[PDB]
Structure formats: structure tokens, C-alpha cells
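> the sequence isn't on hand, but the structure is:
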Ligand SMILES: Nc1nc2c(ncn2[C@@H]2O[C@H](CO)[C@H]3O[C@@H](CP(=O)(O)O)O[C@H]32)c(=O)[nH]1
Ligand SMILES: Nc1nc2c(ncn2[C@@H]2O[C@H](CO)[C@H]3O[C@@H](CP(=O)(O)O)O[C@H]32)c(=O)[nH]1
Ligand SMILES: Nc1nc2c(ncn2[C@@H]2O[C@H](CO)[C@H]3O[C@@H](CP(=O)(O)O)O[C@H]32)c(=O)[nH]1
Ligand SMILES: [Mg+2]
Ligand SMILES: [Mg+2]
Ligand SMILES: [Mg+2]
Ligand SMILES: [Zn+2]
Ligand SMILES: [Zn+2]
Ligand SMILES: [Zn+2]
């Protein structure tokens, strides 16, 4: 970890003096889900480049969403960009110092569960942190008690209540396709998985595969934030050597557009119940 | 590896000139098992801070245990503290240069095998080194032949004889609960595993999960030491989403106390047969 | 990645001005397969030490093989030597800048599939990149579009045509033992796997285990090279605690000799069909 506690304080102090907004909820927008910030009222935006200590991208937007004061990350950071996890998760700790209590994380992922279909929304019930198995963890290094404990529990990371409410809200939305729910596995990237890797991951019990999120959740749980999140299934991963095609970022961004209005609508409603 | 061969020599030379003790056996005490050093006779202690080149913590204690000359590490180092494995395992190589022939490793672990119960003692028959799958290995870097070979075998790491004797000794102890035996899997930490991760690990064939030991064993085998070890089962990991509770370091330390007298007693007897 | 684009250019320019050879095919020789370079005609060799920017070993040999212009790496680099993957794979990108279109990779591996026998040749149909699960990837860091895309597909890494031709060619060779085909899994090393690790890997769907290759393939696919490869099964890994013996580098090198003439013969013929 290359940031001191004071670094975190300085950055939060800077934000508090540049906007009157006082967020209670923070949202990290995954790839293609950035349009969510366009629904905020009384909004104020800061490019990451203008914020002291912020990792290099990228906009941070404050505002009101369906009655709730929020702060959203339009664009996030990734391990595959070369950033260590202490940089990838720097914003989560700043949010805590701002007074945020709940964190919503979203991402684009590849579907491992055969029952999934492109466009599906999968609530995240649990995760598998592969980089963590080898020590790549945002918490690696001396522990800072002002944030949390040395050995944080992670079995209850994704708030159960929020998931119930989430299912309730989706009911009131009157959607034809059911709201999915499963386990998200994170791996480094940036390349897409081979057939052997996809089969393996599925056998490990994962329902969706991605390249982010997990480190943010771990840090959020460590400092005390309530966590909720979901994945937009952007493609069904190739499970056999009879590959009619192969994963590509184009289709991932395409799928991101088709389900924009939908995803944005869902998150907007969930604010009500927090 | 940031230590030269001379660094290892200098440190061993320093220890040999500050104590008359000449250990044949070395013991690394895991969390909560530190009371073991209190049974040594003609003991001499050195805080790690007073020993040149030693990683920063932490006491090294020399003495006689049930007739055998020993040197024990009261407190060990971990990857989750930010230390690279070449630092975590520095003492093992120093021990070899001191004349030590056998290494006993102990640790606190979470139980994956359903038949295990808190308090159980599980002899370590084999291990799974997850960090090693990605290259995080104390042997990474140019090989130093003065210590061992470039490609060391690890399938016979845990001495079979010692395990037989271990079972024999436990018999003479007249314990009601049987002595367990299984596979130990090491992951980075510092957070506790999620339900998905626990299920996965069990399916990989692991019986107990921890955050240390494996790197020490690998280095000990590389330089020629005989190895024996075991885990104190401090908690039964949550295997379902009907979690009545969740892992916590408090209970781990609590369990460490209840089985202190027992664990300490067992190790004391095992010295006889080496 | 510690090499700039210009570094790659400078090195390729140097090679182009020191030899009249213009390779279309590149071959990376694994351990014990180095004798392959002895069949090249009109050959020219450069020790890696004489080539600007080349990682420290090691010879690069240009020449004609059964009618095809080739460049071969007699000796490769490994993660267990302490080299980051951007160093291990530096040559692959230089080859691309030289005008190479196809890459052949070979290695020595341990057999996981029970049907395999020492000496068997296993064509590589797919792979499992364990280090990649944690982020150790030659592509980690800012993407260089002059080489390839940010998110490269890997499900079609091993050219299907080449595999068909490979099987065809092996037919014309009239060999008694069939040509094997399976999945190669790469782990860091340098130690050999324990029994628990071997069982685990097999259950993940791997047929052979090694310490190289995968990173080279990923980089070759990223910059557009056609890829073909195979493993020489140098030993049957210990799958039970009734180990009659244990893996050793001696036997691996021994097996490498016995199948030299065979392996060398096979590769020589495959050139014809490219
Ligand atoms: N590991 C993996 N990641 C995928 C796949 N499909 C989508 N992704 C995610 O979207 C991008 C590639 O199109 C990657 O970058 C990030 C985007 P995120 O910030 O997680 O929304 O995770 C990966 C996929 O199939 N596998
Ligand atoms: N991975 C993991 N580690 C655990 C668990 N229970 C105990 N541990 C070990 O004890 C501490 C947490 O209480 C951690 O720190 C070290 C202690 P050690 O030096 O291995 O005796 O390994 C972990 C557990 O459930 N999972
Ligand atoms: N992981 C692993 N690697 C093995 C085994 N048998 C052979 N190897 C490979 O050969 C050497 C050890 O003798 C190691 O170094 C490299 C050689 P390579 O450049 O891949 O041909 O991969 C390993 C084996 O059983 N397991
Ligand atoms: Mg800046
Ligand atoms: Mg000191
Ligand atoms: Mg040089
Ligand atoms: Zn200002
Ligand atoms: Zn002195
Ligand atoms: Zn010259």
C-alpha cells in the first residue's frame, strides 16, 4: 500500500470543500454502464485528473438519484492496467471518509452458467478471488486499524437485506426474464479465457467471470460499508472446441448499450430501498 | 531473493558466538502456540530485533526440550504482512547453517474436512501451494547450489517416519479423540474465505486452510532438512449460505488457549523420537 | 512491461543488418530439445549476449530447415529464474518485427493423463494459465496497439489447421505409438508438484504440466502470429502416496535424449506444411 492515512484524509477534505453534496451512497460503474450518471440531479462532476492523489484514468459525479444523495465513479481501475490493488481501491476508502455508508458495484461479465443468456442481470451473491489465493490483495501489508481489522470476514460481504429488496424491486418492475443470482469469479486478464479455463471455472462453482469488483468489495467490507452489486452478462463464454465464434470486446460494448435503459432503471429504483 | 549467501553466514556466525547452545531441532510456533517455549530448560532468548539481518516482527529461543537441543521461533512471518517469501523463510536457511537437521512447523487453520471438530490436531501429510501456482515461491530467482538443487522434489516433503512415530507417540498419550491427518492448503490472506471459496478448496482435496507454513517447508526441503508438522483446527469454516456465524480471529485465539497444554505436551514427547 | 516500442525496433534492426536470413518461421526449443538447431543449413548463430536488449541467458540461430527459412531459440527464459513475463516474451515481439508469421513452441512436461507414457509427444490443443488467474501476464500494463488489441481472444490460440497437418505428417512418419493431444497447464515452479497438487491439476482437466510456453503463446497471439506446439512427456507424475519414486531433473534430461532424433525428425517434416 503506497498511500498513507493522511493521503486519504487530504483527498476527502478537498472534495468536501469543493461541493456541497454529502453522499450516503456510492456507485462504481462498470464498462458500458457509464450512462447511469446522466440521471443525477443537482449534479457536479470532477475529472479524476483534477482530484489530488486520484489514480490516473474518468469522472467522479455527485448528485441526487431518486431521492438519495450519491457519488458515482464513471469508469473504474483494473489490475490488467498495471495498477496494484491499493491503487485500484483508493476511492473506496475516500468514500468512507466522506460519510458514505453503502457501496453498489456493477460490472460486465462473461456467463458461465448455461442457463444464462446475453443481457441477463445477475445479482452477486458471493465471489471467488483467484488473485487473492496468491497474495494479490488490497489489504496486503501493515493493517490500518483506523479503517478496519487485520482479519476481516468475507462470507457475509454481499448484504442479504439488499438482495431481498433487490428481488422485491425487480418484481415491481414487471420484467419478463427473471433476475439471475450467482457467484462471480475474478481473474487478472486482459485476455479472454480458453475453453479449458472456462470449463475449469464453471466446475469451481462460478456463474460469471470478470476482471474487477472483488478488490473493491474486500476493501469496502474492511472499512465497514454495506455492499450490493451485480453483473451484466455480456456474452456466453465458449465451453467447447466447436466454437462457432470467439469472445470480443465489441459485442461486450454492444450488449452494454442494449441493456442500458434497463440497468439504469433498476439501479434508480433500488435507491429507494437502502 | 534479497539476501546474499554471506548474509546468511554472518547471521549464523553471530548466533553461534552469543550462545553455547547447538540445536539439532528447530520449531516454528504458529499463532497461539507460542507458549511452547516455556518448557525449554537452560534457555536463552534473543528478540528478533537484536539479530543482524532478521526480518522485523518476535523471539528466537534456544534450549533443551525433553532431552533434545532445540531452537524455536516464537512468532513467524506472513505474506499478508507484505513480506516476500525470501524474507518469510530467511530463518530456515540460517538454521541449516547452525547445524539443525529437523524442522517442526505448526499453525492455526480452518477446518475443511467435515469430520474435523474445533480443537482437533491434524498431522500434515501433504500440501497445496496456491501462491506457487502463480510464481510466488521462496525459490524464485537464481539458484544457490550451496543450499540445494534447481528443481527440488516436494512429493516426499513431510517425512513418513516422523508421521509413524507421531501416531505411535499419540497412542502412548492415551487421548480420546483420534489424531487427524490430511492436506493443508495455503492462500495469501489476510481475509477469511467466502462460502464459494471454501467449497472450492474442499473439492480440490484440502482438509485444512491457512496462511503460512508451505513456503518454510519448501525452503527446508531444498536445503536438506527433515520435516514434520501439524495444524490446530481453530474453527470449522462456513460451507453454506445458512451461516449461523462467521469466522473471527477472537475464537481462533480462544481455541489456541484451550488446546495449549495438549499441543505443548504432544510436541514435547515427539522430541524423544527424532 | 519495461521495454519501449523503440527497444523492440532497435533490436530487430540490429538483427536484420547482421544476417541476410529472413525467417518466416520461429521455433522455441524447450529443455533437451536444443539439438534441433543442428539440422539448419546456411546457418548463422548469435549468442543472446551479443544481441542488444536481449534477456540474459543461450543462442539464436537462423537458417533453412527442410525448405523453410527459420529462426530458433536454443534455450528459453523462465518465470522461476526471476524474470517478469515481459522479459520472458521479449523475443516473440522481435520475431514479429522481423517478418515471422508462424511460431512453434516446444517444452518438456510431466504427464497427468494416465494413458500417457514417458517419451510420448502431446500436441497442445489448449492451455490453462494459472499465473494469469492472479494477474501475472505478459500483457499486463498499458496496451500497445501497434502490436495488438487490449482484450485478445485466446480460445483459438493453437491453430486448428496446423494440428490437422501435424496429425497428417505423423501418419506419413509411420510411428507405432499414436501422437497424443491434450491440455497443457503452466505453473511457476521451480519445485516439482506434490501428490495433492497433481491430483488437483488432473481434475482441472489438464493432461500435462510444465513451467513455460503459455506466456509466449499469449504474446504471439496478441501480435498476430499463427501458433503450433507440443510437449515431450518426460515423466509420469506421482499420483499416489505409494510413490515408488519421485520426479528428478536427471530423468527429464535423459528422456530428452532418447526422443531427440524422433522430435527433431517430426519438426523437420512439419515445416513442409505451413
Ligand atoms: N474475464 C472476463 N471478462 C469479461 C468477459 N466479458 C466481459 N468482461 C469484462 O469486460 C471487459 C472485456 O470486454 C473486461 O474489462 C472489465 C470491465 P468491468 O470494469 O469489470 O465492467 O472486465 C472485463 C469475459 O468473458 N471474461
Ligand atoms: N486461511 C485461513 N486462515 C486461518 C483460518 N483460521 C485460522 N487461520 C490462521 O490463523 C490466523 C487467523 O485467525 C491467520 O494467520 C496465520 C496464523 P499461523 O502463523 O499460520 O498459525 O494463518 C491464519 C481460516 O479459517 N482460514
Ligand atoms: N511443472 C513441471 N515441470 C516439469 C516436469 N517435468 C518437466 N518439467 C519441465 O522441465 C524442467 C524440469 O525438469 C522444468 O523447466 C522447464 C523446461 P521447458 O523450457 O518448459 O522445456 O519446465 C519444467 C514436471 O513434472 N512438472
Ligand atoms: Mg493526479
Ligand atoms: Mg534488524
Ligand atoms: Mg545484453
Ligand atoms: Zn479549488
Ligand atoms: Zn555481542
Ligand atoms: Zn556489427
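In hand now; what should we look at? Numbering: from 1, shown residues only, chains lettered A, B, ... in the order given. Ligands and ions are numbered 1, 2, ... in the order given.
> what about residue A:16, neighbour count?
Per other CB atoms under 10 Å in any protein chain shown, the neighbour tally for residue A:16 reads 14. To be clear about C-beta, it is placed using only N, CA and C from the backbone, and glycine gets the same treatment.
> if you skip the residues just before and after it, what's nearest to it?
In this structure, residue A:16 finds its nearest non-sequential neighbour in residue A:98, 6.8 Å apart by CB to CB, 6 or more residues apart in numbering or on different chains.
> pretty sure residue A:49 contacts residue A:59?
No - using CB atoms under 8 Å, residue A:49 is not in contact with residue A:59, being 9.4 Å away.
> in terms of packing, which of these two has more residues around it?
residue A:59 (17 against 10).
> which residue is the nearest non-sequential neighbour of that one?
Residue A:59's closest residue in space is residue A:74 (CB to CB, 6+ apart), at 4.4 Å.
> list the contacts of the one you found.
Applying CB atoms under 8 Å, 6 or more residues apart in numbering or on different chains to residue A:74 gives the contacts A:29, A:34, A:36, A:37, A:58, A:59, A:60, A:61.
> circling back: ok, the residue nearest to residue A:16 to chain C distance?
29 Å (CB to the nearest CB, to the nearest Å).
> what residues are up against that residue?
Taking CB under 8 Å, 6+ apart as the criterion, residue A:98 is in contact with A:12, A:15, A:16, A:22, A:23, A:71.
> ok, 7 Å please
A:12, A:15, A:16, A:23 (CB atoms under 7 Å, 6 or more residues apart in numbering or on different chains).
> going by neighbour count, which of the residues you listed are buried?
With burial judged by 16 or more other CB atoms under 10 Å in any protein chain shown, the buried subset of the contacts of residue A:98 is A:12, A:15, A:23.
> where does the last one fall, helix, sheet strand or coil?
Reducing the assignment to helix, strand or coil with DSSP: H, G, I helix; E, B strand; the rest coil, the entry for residue A:23 is coil.
> one more: the second one?
When the structure is split into helix, strand and coil by three-state DSSP, residue A:15 lands in helix.
> who's in contact with it?
Contacts for residue A:15 (CB under 7 Å, 6+ apart) come out as residue A:98.
> again with the first one
Contacts here follow CB under 7 Å, 6+ apart; on that basis residue A:12 touches A:94, A:97, A:98.
> ramachandran coordinates for the last one?
The phi and psi torsions at residue A:98 (degrees, to the nearest 10) take the values phi -80, psi -20.
> do residue A:94 as well
Dihedral pair for residue A:94: phi -70, psi -40, per degrees, to the nearest 10.
> right, and it touches residue A:11 too?
Yes - counting by CB atoms under 7 Å, residue A:11 is a contact partner of residue A:94 at 5.2 Å.
> who touches the one helix or strand residue A:64 maps to?
Element membership for residue A:64, per DSSP states H and E: strand A:59-65. Here strand A:59-65 makes contact (CB under 7 Å, 6+ apart) with A:19, A:21, A:23, A:37, A:39-48, A:51, A:70-75, A:268, A:271.
> quick check on those residues: which are buried?
Neighbour counting by 16+ other CB under 10 Å classes A:19, A:21, A:23, A:37, A:39-40, A:43, A:46, A:48, A:51, A:70-75, A:268, A:271 among the contacts of strand A:59-65 as buried.
> test of understanding: give the bridge partners of the most centrally placed residue in chain A.
What sits nearest the mean C-alpha location of chain A, by CA atoms, centre = their mean, is residue A:105, with 2.8 Å. Note on residue A:105: beta-bridge partners by DSSP bridges are residue A:28, residue A:229.
> any idea how far residue C:34 is from it?
Counting by CB to CB, to the nearest Å, the gap from residue A:105 to residue C:34 is 50 Å.
> what of residue A:158?
53 Å.
> and those two? Which one has more around it.
Taking other CB under 10 Å, residue A:158 and residue C:34 do not tie; residue A:158 has more neighbours (23 against 18).
> which bits of the stretch 151-274 of chain A sit near ligand 2?
For the stretch 151-274 of chain A, the residues in contact with ligand 2 (CB under 6 Å from any ligand atom) are residue A:151.
> just checking, residue A:214 touches residue A:127?
Yes - if you go by CB under 7 Å, residue A:214 and residue A:127 touch, sitting 5.3 Å apart.
> which residues of the stretch 1-150 of chain A fall in helices?
With helices called from DSSP state H, counting those that start in this stretch, the stretch 1-150 of chain A shows them at A:5-18, A:85-88, A:90-98, A:130-133.
> and these, which is most packed in?
Of all those, helix A:130-133 has the most neighbours on average by mean count of other CB atoms under 10 Å in any protein chain shown, namely a mean of 26.
> so in terms of bridging, what pairs with residue A:183?
For residue A:183, the beta-bridge partners under DSSP bridges are residue A:126.
> which residue does the stretch 51-200 of chain A bring closest to chain C?
residue A:188 (3.4 Å; CB to the nearest CB).
> what ranges do the strands span in the stretch 151-274 of chain A?
A:180-186, A:208-210, A:226-236 (DSSP state E, counting those that start in this stretch).
> could you say what helices and strands the last one packs with?
So that's strand A:226-236. In terms of contacts (3 or more CB pairs under 7 Å, 6 or more residues apart in numbering or on different chains; DSSP states H and E), strand A:226-236 is packed against strand A:102-111, strand A:121-129, helix A:160-173, strand A:208-210, helix A:214-222, helix A:249-258.
> quick one: check the shortest one for contact with chain C.
Read that as strand A:208-210. No - Strand A:208-210 lies apart from chain C when judged by CB under 7 Å from any CB of the partner chain; the minimum separation is 10.5 Å.
> what residues does chain A have near chain B?
By CB under 7 Å from any CB, the part of chain A that sits against chain B consists of A:126-128, A:132-135, A:137, A:139-142, A:150-157, A:183, A:204-205, A:218.
> can I assume residue A:11 is in contact with residue A:55?
No - contact criterion CB under 7 Å: residue A:11 and residue A:55 do not qualify, at 11.1 Å.
> any figure for the gap between residue A:204 and residue A:183?
9 Å.
> those two: which is more packed in?
Comparing residue A:204 with residue A:183 by neighbour count (other CB under 10 Å), the higher total belongs to residue A:183, at 24 against 20.
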